[PDB]
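Engineer: Sharing model.pdb (PDB, C-alpha atoms and all ligand atoms) below.
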ATOM      1  CA  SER Z   1     114.400 124.740 115.593  1.00  0.00           C
ATOM      2  CA  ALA Z   2     112.559 125.875 112.481  1.00  0.00           C
ATOM      3  CA  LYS Z   3     109.321 124.025 111.715  1.00  0.00           C
ATOM      4  CA  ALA Z   4     108.444 122.645 108.273  1.00  0.00           C
ATOM      5  CA  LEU Z   5     104.985 121.553 107.143  1.00  0.00           C
ATOM      6  CA  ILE Z   6     104.551 119.126 104.245  1.00  0.00           C
ATOM      7  CA  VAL Z   7     101.014 118.632 102.876  1.00  0.00           C
ATOM      8  CA  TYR Z   8     100.536 116.148 100.037  1.00  0.00           C
ATOM      9  CA  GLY Z   9      97.716 115.006  97.818  1.00  0.00           C
ATOM     10  CA  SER Z  10      98.429 111.536  96.432  1.00  0.00           C
ATOM     11  CA  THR Z  11      96.178 108.820  95.031  1.00  0.00           C
ATOM     12  CA  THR Z  12      98.561 106.004  94.023  1.00  0.00           C
ATOM     13  CA  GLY Z  13     101.215 106.792  96.651  1.00  0.00           C
ATOM     14  CA  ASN Z  14     103.803 108.432  94.430  1.00  0.00           C
ATOM     15  CA  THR Z  15     103.593 111.984  95.779  1.00  0.00           C
ATOM     16  CA  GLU Z  16     103.262 110.458  99.271  1.00  0.00           C
ATOM     17  CA  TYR Z  17     106.564 108.603  98.857  1.00  0.00           C
ATOM     18  CA  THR Z  18     108.046 111.847  97.532  1.00  0.00           C
ATOM     19  CA  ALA Z  19     106.805 113.697 100.616  1.00  0.00           C
ATOM     20  CA  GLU Z  20     108.299 111.042 102.925  1.00  0.00           C
ATOM     21  CA  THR Z  21     111.655 111.337 101.179  1.00  0.00           C
ATOM     22  CA  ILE Z  22     111.636 115.137 101.475  1.00  0.00           C
ATOM     23  CA  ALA Z  23     110.626 114.909 105.138  1.00  0.00           C
ATOM     24  CA  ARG Z  24     113.607 112.731 106.042  1.00  0.00           C
ATOM     25  CA  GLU Z  25     115.969 115.092 104.226  1.00  0.00           C
ATOM     26  CA  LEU Z  26     114.682 118.101 106.144  1.00  0.00           C
ATOM     27  CA  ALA Z  27     114.557 116.271 109.475  1.00  0.00           C
ATOM     28  CA  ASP Z  28     118.156 115.110 109.035  1.00  0.00           C
ATOM     29  CA  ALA Z  29     119.125 118.767 108.557  1.00  0.00           C
ATOM     30  CA  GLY Z  30     117.509 119.892 111.830  1.00  0.00           C
ATOM     31  CA  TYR Z  31     113.959 120.834 110.852  1.00  0.00           C
ATOM     32  CA  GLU Z  32     110.998 119.800 112.965  1.00  0.00           C
ATOM     33  CA  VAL Z  33     108.870 118.264 110.201  1.00  0.00           C
ATOM     34  CA  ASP Z  34     105.084 117.892 110.301  1.00  0.00           C
ATOM     35  CA  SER Z  35     103.923 115.748 107.345  1.00  0.00           C
ATOM     36  CA  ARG Z  36     100.185 115.540 106.608  1.00  0.00           C
ATOM     37  CA  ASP Z  37      97.963 113.924 103.994  1.00  0.00           C
ATOM     38  CA  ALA Z  38      95.830 116.681 102.455  1.00  0.00           C
ATOM     39  CA  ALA Z  39      92.784 114.467 103.057  1.00  0.00           C
ATOM     40  CA  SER Z  40      93.255 115.104 106.796  1.00  0.00           C
ATOM     41  CA  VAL Z  41      93.690 118.887 106.843  1.00  0.00           C
ATOM     42  CA  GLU Z  42      91.533 121.981 106.892  1.00  0.00           C
ATOM     43  CA  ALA Z  43      92.651 125.074 105.015  1.00  0.00           C
ATOM     44  CA  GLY Z  44      91.916 127.765 107.623  1.00  0.00           C
ATOM     45  CA  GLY Z  45      95.222 128.846 109.149  1.00  0.00           C
ATOM     46  CA  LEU Z  46      96.915 125.670 107.920  1.00  0.00           C
ATOM     47  CA  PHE Z  47     100.358 127.290 107.571  1.00  0.00           C
ATOM     48  CA  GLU Z  48     100.294 129.057 110.954  1.00  0.00           C
ATOM     49  CA  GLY Z  49     103.465 128.526 112.953  1.00  0.00           C
ATOM     50  CA  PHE Z  50     105.529 127.070 110.110  1.00  0.00           C
ATOM     51  CA  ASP Z  51     108.784 128.567 108.839  1.00  0.00           C
ATOM     52  CA  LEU Z  52     108.658 126.502 105.622  1.00  0.00           C
ATOM     53  CA  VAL Z  53     105.687 124.911 103.838  1.00  0.00           C
ATOM     54  CA  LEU Z  54     106.073 122.257 101.124  1.00  0.00           C
ATOM     55  CA  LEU Z  55     102.983 121.386  99.061  1.00  0.00           C
ATOM     56  CA  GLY Z  56     102.811 118.182  97.007  1.00  0.00           C
ATOM     57  CA  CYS Z  57     100.093 117.328  94.523  1.00  0.00           C
ATOM     58  CA  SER Z  58      99.662 114.946  91.595  1.00  0.00           C
ATOM     59  CA  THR Z  59      97.946 115.944  88.338  1.00  0.00           C
ATOM     60  CA  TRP Z  60      94.749 114.454  86.912  1.00  0.00           C
ATOM     61  CA  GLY Z  61      91.875 115.278  84.537  1.00  0.00           C
ATOM     62  CA  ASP Z  62      90.304 113.571  81.536  1.00  0.00           C
ATOM     63  CA  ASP Z  63      91.002 116.511  79.198  1.00  0.00           C
ATOM     64  CA  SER Z  64      91.826 119.381  81.558  1.00  0.00           C
ATOM     65  CA  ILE Z  65      94.374 120.029  84.309  1.00  0.00           C
ATOM     66  CA  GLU Z  66      92.830 118.883  87.601  1.00  0.00           C
ATOM     67  CA  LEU Z  67      94.373 118.718  91.057  1.00  0.00           C
ATOM     68  CA  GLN Z  68      94.397 115.541  93.118  1.00  0.00           C
ATOM     69  CA  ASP Z  69      91.004 115.304  94.815  1.00  0.00           C
ATOM     70  CA  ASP Z  70      92.224 115.618  98.410  1.00  0.00           C
ATOM     71  CA  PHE Z  71      94.109 118.810  97.515  1.00  0.00           C
ATOM     72  CA  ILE Z  72      91.231 120.612  95.762  1.00  0.00           C
ATOM     73  CA  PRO Z  73      89.617 121.981  98.986  1.00  0.00           C
ATOM     74  CA  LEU Z  74      92.972 123.340 100.134  1.00  0.00           C
ATOM     75  CA  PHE Z  75      93.551 125.024  96.764  1.00  0.00           C
ATOM     76  CA  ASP Z  76      90.003 126.425  96.745  1.00  0.00           C
ATOM     77  CA  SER Z  77      90.627 128.097 100.151  1.00  0.00           C
ATOM     78  CA  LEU Z  78      94.347 128.736  99.744  1.00  0.00           C
ATOM     79  CA  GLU Z  79      93.751 132.403 100.569  1.00  0.00           C
ATOM     80  CA  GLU Z  80      92.908 131.394 104.171  1.00  0.00           C
ATOM     81  CA  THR Z  81      96.041 129.333 104.854  1.00  0.00           C
ATOM     82  CA  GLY Z  82      98.436 132.100 105.941  1.00  0.00           C
ATOM     83  CA  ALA Z  83     100.500 132.096 102.729  1.00  0.00           C
ATOM     84  CA  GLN Z  84     101.287 135.843 102.786  1.00  0.00           C
ATOM     85  CA  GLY Z  85     105.025 136.154 103.215  1.00  0.00           C
ATOM     86  CA  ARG Z  86     105.315 132.406 103.781  1.00  0.00           C
ATOM     87  CA  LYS Z  87     108.294 130.525 102.342  1.00  0.00           C
ATOM     88  CA  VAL Z  88     106.760 127.749 100.221  1.00  0.00           C
ATOM     89  CA  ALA Z  89     107.903 125.259  97.609  1.00  0.00           C
ATOM     90  CA  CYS Z  90     105.865 122.803  95.564  1.00  0.00           C
ATOM     91  CA  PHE Z  91     106.346 119.271  94.282  1.00  0.00           C
ATOM     92  CA  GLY Z  92     104.357 116.574  92.585  1.00  0.00           C
ATOM     93  CA  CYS Z  93     104.367 113.365  90.625  1.00  0.00           C
ATOM     94  CA  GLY Z  94     103.152 113.149  87.058  1.00  0.00           C
ATOM     95  CA  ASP Z  95     103.534 111.284  83.781  1.00  0.00           C
ATOM     96  CA  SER Z  96     105.359 112.917  80.869  1.00  0.00           C
ATOM     97  CA  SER Z  97     102.959 111.198  78.450  1.00  0.00           C
ATOM     98  CA  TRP Z  98     100.762 114.203  79.327  1.00  0.00           C
ATOM     99  CA  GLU Z  99     101.524 117.542  77.708  1.00  0.00           C
ATOM    100  CA  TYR Z 100     100.717 119.368  80.958  1.00  0.00           C
ATOM    101  CA  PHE Z 101     103.382 117.505  82.891  1.00  0.00           C
ATOM    102  CA  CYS Z 102     102.781 118.181  86.619  1.00  0.00           C
ATOM    103  CA  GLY Z 103     100.311 120.902  85.634  1.00  0.00           C
ATOM    104  CA  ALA Z 104      98.907 120.813  89.162  1.00  0.00           C
ATOM    105  CA  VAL Z 105     102.226 121.964  90.624  1.00  0.00           C
ATOM    106  CA  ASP Z 106     102.260 124.957  88.280  1.00  0.00           C
ATOM    107  CA  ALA Z 107      98.675 125.838  89.201  1.00  0.00           C
ATOM    108  CA  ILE Z 108      99.437 125.786  92.927  1.00  0.00           C
ATOM    109  CA  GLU Z 109     102.572 127.876  92.447  1.00  0.00           C
ATOM    110  CA  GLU Z 110     100.777 130.530  90.441  1.00  0.00           C
ATOM    111  CA  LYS Z 111      98.050 130.941  93.057  1.00  0.00           C
ATOM    112  CA  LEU Z 112     100.594 131.018  95.895  1.00  0.00           C
ATOM    113  CA  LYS Z 113     102.387 133.901  94.187  1.00  0.00           C
ATOM    114  CA  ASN Z 114      99.109 135.863  93.884  1.00  0.00           C
ATOM    115  CA  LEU Z 115      98.561 135.228  97.605  1.00  0.00           C
ATOM    116  CA  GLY Z 116     101.948 136.719  98.501  1.00  0.00           C
ATOM    117  CA  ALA Z 117     103.983 133.576  99.197  1.00  0.00           C
ATOM    118  CA  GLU Z 118     107.710 133.468  98.537  1.00  0.00           C
ATOM    119  CA  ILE Z 119     108.451 130.572  96.180  1.00  0.00           C
ATOM    120  CA  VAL Z 120     111.863 129.468  97.406  1.00  0.00           C
ATOM    121  CA  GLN Z 121     112.586 126.922  94.643  1.00  0.00           C
ATOM    122  CA  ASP Z 122     111.061 126.035  91.288  1.00  0.00           C
ATOM    123  CA  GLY Z 123     108.572 123.207  91.678  1.00  0.00           C
ATOM    124  CA  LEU Z 124     109.798 119.602  91.587  1.00  0.00           C
ATOM    125  CA  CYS Z 125     108.098 117.392  88.985  1.00  0.00           C
ATOM    126  CA  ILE Z 126     108.704 113.633  89.133  1.00  0.00           C
ATOM    127  CA  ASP Z 127     108.035 111.278  86.199  1.00  0.00           C
ATOM    128  CA  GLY Z 128     107.070 107.664  86.726  1.00  0.00           C
ATOM    129  CA  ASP Z 129     108.176 105.697  89.777  1.00  0.00           C
ATOM    130  CA  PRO Z 130     109.501 108.249  92.316  1.00  0.00           C
ATOM    131  CA  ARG Z 131     111.751 105.596  93.868  1.00  0.00           C
ATOM    132  CA  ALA Z 132     113.661 105.850  90.560  1.00  0.00           C
ATOM    133  CA  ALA Z 133     114.050 109.607  91.202  1.00  0.00           C
ATOM    134  CA  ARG Z 134     115.319 109.501  94.784  1.00  0.00           C
ATOM    135  CA  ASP Z 135     118.492 111.459  93.984  1.00  0.00           C
ATOM    136  CA  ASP Z 136     116.464 114.251  92.349  1.00  0.00           C
ATOM    137  CA  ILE Z 137     114.056 114.380  95.290  1.00  0.00           C
ATOM    138  CA  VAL Z 138     116.804 114.523  97.926  1.00  0.00           C
ATOM    139  CA  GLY Z 139     118.709 117.079  95.862  1.00  0.00           C
ATOM    140  CA  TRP Z 140     115.630 119.297  95.571  1.00  0.00           C
ATOM    141  CA  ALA Z 141     115.046 119.188  99.326  1.00  0.00           C
ATOM    142  CA  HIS Z 142     118.707 120.127  99.792  1.00  0.00           C
ATOM    143  CA  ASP Z 143     118.336 123.040  97.357  1.00  0.00           C
ATOM    144  CA  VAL Z 144     115.148 124.243  99.064  1.00  0.00           C
ATOM    145  CA  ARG Z 145     117.005 124.342 102.378  1.00  0.00           C
ATOM    146  CA  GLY Z 146     119.837 126.305 100.816  1.00  0.00           C
ATOM    147  CA  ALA Z 147     117.503 128.909  99.292  1.00  0.00           C
ATOM    148  CA  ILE Z 148     115.624 130.114 102.394  1.00  0.00           C
TER     149      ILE Z 148
HETATM  150  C1  LIG Z 201      93.086 110.656  83.854  1.00  0.00           C
HETATM  151  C2  LIG Z 201      94.567 110.833  84.251  1.00  0.00           C
HETATM  152  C3  LIG Z 201      95.037 112.104  83.898  1.00  0.00           C
HETATM  153  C4  LIG Z 201      96.377 112.455  84.170  1.00  0.00           C
HETATM  154  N1  LIG Z 201      96.804 113.669  83.815  1.00  0.00           N
HETATM  155  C5  LIG Z 201      98.123 114.035  84.055  1.00  0.00           C
HETATM  156  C6  LIG Z 201      98.570 115.304  83.672  1.00  0.00           C
HETATM  157  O1  LIG Z 201      97.863 116.074  83.104  1.00  0.00           O
HETATM  158  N2  LIG Z 201      99.838 115.640  83.915  1.00  0.00           N
HETATM  159  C7  LIG Z 201     100.681 114.775  84.531  1.00  0.00           C
HETATM  160  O2  LIG Z 201     101.791 115.046  84.740  1.00  0.00           O
HETATM  161  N3  LIG Z 201     100.241 113.548  84.905  1.00  0.00           N
HETATM  162  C8  LIG Z 201      98.967 113.173  84.671  1.00  0.00           C
HETATM  163  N4  LIG Z 201      98.516 111.921  85.085  1.00  0.00           N
HETATM  164  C9  LIG Z 201      99.520 111.078  85.712  1.00  0.00           C
HETATM  165  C10 LIG Z 201      99.422 110.950  87.284  1.00  0.00           C
HETATM  166  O3  LIG Z 201      99.623 112.206  87.879  1.00  0.00           O
HETATM  167  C11 LIG Z 201     100.507 109.946  87.720  1.00  0.00           C
HETATM  168  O4  LIG Z 201      99.966 108.637  87.695  1.00  0.00           O
HETATM  169  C12 LIG Z 201     101.117 110.195  89.129  1.00  0.00           C
HETATM  170  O5  LIG Z 201     102.141 109.288  89.330  1.00  0.00           O
HETATM  171  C13 LIG Z 201     100.100 110.036  90.278  1.00  0.00           C
HETATM  172  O6  LIG Z 201     100.731 110.507  91.451  1.00  0.00           O
HETATM  173  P1  LIG Z 201     100.114 110.100  92.950  1.00  0.00           P
HETATM  174  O7  LIG Z 201     100.239 108.601  93.148  1.00  0.00           O
HETATM  175  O8  LIG Z 201     100.891 110.864  93.953  1.00  0.00           O
HETATM  176  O9  LIG Z 201      98.659 110.462  92.976  1.00  0.00           O
HETATM  177  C14 LIG Z 201      97.238 111.568  84.798  1.00  0.00           C
HETATM  178  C15 LIG Z 201      96.753 110.290  85.160  1.00  0.00           C
HETATM  179  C16 LIG Z 201      95.425 109.938  84.877  1.00  0.00           C
HETATM  180  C17 LIG Z 201      94.915 108.611  85.264  1.00  0.00           C
END
Please, can you express the file's structure as structure tokens?
Ligand SMILES: Cc1cc2nc3c(=O)[nH]c(=O)nc-3n(C[C@H](O)[C@H](O)[C@H](O)COP(=O)(O)O)c2cc1C
Structural biologist:
Amino acid sequence: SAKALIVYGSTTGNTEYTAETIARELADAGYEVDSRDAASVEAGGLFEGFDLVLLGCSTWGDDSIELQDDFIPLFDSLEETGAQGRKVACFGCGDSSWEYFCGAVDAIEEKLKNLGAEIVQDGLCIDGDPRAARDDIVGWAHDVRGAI
């Protein structure tokens, strides 16, 4: 079967829950899903062997757009991950009280495109408690699968 990698940076658990929800959706559809906390990964060759890569990251920063801390090293070395020609999609939790709502997702997408990835679906941005967005999360995973 096709193999999917999900890597998530999450501090309060929201993007982690989102990743777990996406993983079950893909696994139910027949994907072999490898889900990893970004804190545990190294960037070099990270995407090797994977037909689909899903990257999740929350947004931070006192008065700038900053990526979740565990994701920053992966972003900083994203050019070594094997993203060229890779089918990728991005997701993240945020808070719409911030103007740059899920700004980290946008930043990861833009760099992926420079690096030659194929963005298979527009990034998923979740407001507030992601358990109150379960339908949106499952639907997005479904749409990602249908777009590859
Ligand atoms: C200092 C600070 C800055 C934040 N900045 C943003 C932001 O710019 N855009 C956004 O969408 N959310 C912002 N947030 C909201 C967090 O991303 C939100 O709490 C999210 O649910 C955390 O997801 P996680 O538990 O997966 O880490 C900010 C939160 C804090 C504390």
Engineer: Would you name the residues within 12 Å of ligand LIG 201 (chain Z), counting all atoms listed in the file, and put them as JSON, numbers by chain?
Structural biologist: {"Z": [7, 8, 9, 10, 11, 12, 13, 14, 15, 16, 17, 18, 19, 20, 37, 38, 55, 56, 57, 58, 59, 60, 61, 62, 63, 64, 65, 66, 67, 68, 69, 70, 71, 91, 92, 93, 94, 95, 96, 97, 98, 99, 100, 101, 102, 103, 104, 105, 106, 107, 124, 125, 126, 127, 128, 129, 130, 131]}
Engineer: On this structure, the PyMOL selection byres (((chain Z and resi 44) around 6) and not hetatm) would catch which residues? List them as a JSON list (two decimals) with C-alpha atoms, in the frame of the given file, sorted by chain and number.
Structural biologist:
[["chain", "number", "residue", "atom", "x", "y", "z"],
["Z", 42, "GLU", "CA", 91.53, 121.98, 106.89],
["Z", 43, "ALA", "CA", 92.65, 125.07, 105.02],
["Z", 45, "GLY", "CA", 95.22, 128.85, 109.15],
["Z", 46, "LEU", "CA", 96.92, 125.67, 107.92],
["Z", 80, "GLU", "CA", 92.91, 131.39, 104.17],
["Z", 81, "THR", "CA", 96.04, 129.33, 104.85]]
Engineer: I need the residue set behind the PyMOL selection byres (((chain Z and resi 33) around 6) and not hetatm) for this file; please write it as a PyMOL selection string.
Structural biologist: chain Z and resi 3-5+31-32+34
Engineer: Find, counting only C-alpha atoms, the residue in Z:2, Z:134, Z:110, Z:121 that gets nearest to residue 27 of chain Z.
Structural biologist: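 Closest residue, counting only C-alpha atoms: Z:2.
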Engineer: Which polymer residues, whether protein, DNA or RNA, lie within 12 Å of the coordinate (111.3, 133.2, 92.7) when you count only C-alpha atoms? List them as a short mmCIF file (atom, residue, chain, number, x, y, z; two decimals) with C-alpha atoms, in the frame of the given file, using the chain letters and numbers from the file.
Structural biologist:
data_model
loop_
_atom_site.label_atom_id
_atom_site.label_comp_id
_atom_site.auth_asym_id
_atom_site.auth_seq_id
_atom_site.Cartn_x
_atom_site.Cartn_y
_atom_site.Cartn_z
CA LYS Z 87 108.29 130.52 102.34
CA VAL Z 88 106.76 127.75 100.22
CA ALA Z 89 107.90 125.26 97.61
CA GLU Z 109 102.57 127.88 92.45
CA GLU Z 110 100.78 130.53 90.44
CA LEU Z 112 100.59 131.02 95.90
CA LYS Z 113 102.39 133.90 94.19
CA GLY Z 116 101.95 136.72 98.50
CA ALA Z 117 103.98 133.58 99.20
CA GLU Z 118 107.71 133.47 98.54
CA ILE Z 119 108.45 130.57 96.18
CA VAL Z 120 111.86 129.47 97.41
CA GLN Z 121 112.59 126.92 94.64
CA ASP Z 122 111.06 126.04 91.29
CA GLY Z 123 108.57 123.21 91.68
CA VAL Z 144 115.15 124.24 99.06
CA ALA Z 147 117.50 128.91 99.29
CA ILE Z 148 115.62 130.11 102.39
#
Engineer: How many Å lie between atom CA of residue 84 of chain Z and atom CA of residue 51 of chain Z, rounded to one decimal?
Structural biologist: 12.1 Å
Engineer: What is the atom CA of residue 21 of chain Z to atom CA of residue 49 of chain Z distance in Å?
Structural biologist: 22.4 Å
Engineer: With distances taken over only C-alpha atoms, which residue among Z:115, Z:132, Z:6, Z:138 lies nearest residue 75 of chain Z?
Structural biologist: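 Of the candidates, the smallest distance to residue 75 of chain Z is held by Z:115.
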Engineer: What is the atom CA of residue 133 of chain Z to atom CA of residue 25 of chain Z distance in Å?
Structural biologist: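 Distance reported for this atom pair: 14.3 Å.
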Engineer: May I ask which of the residues Z:114, Z:22, Z:29, Z:82 is the closest one to residue 135 of chain Z, counting all atoms listed in the file?
Structural biologist: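 Of the candidates, the smallest distance to residue 135 of chain Z is held by Z:22.
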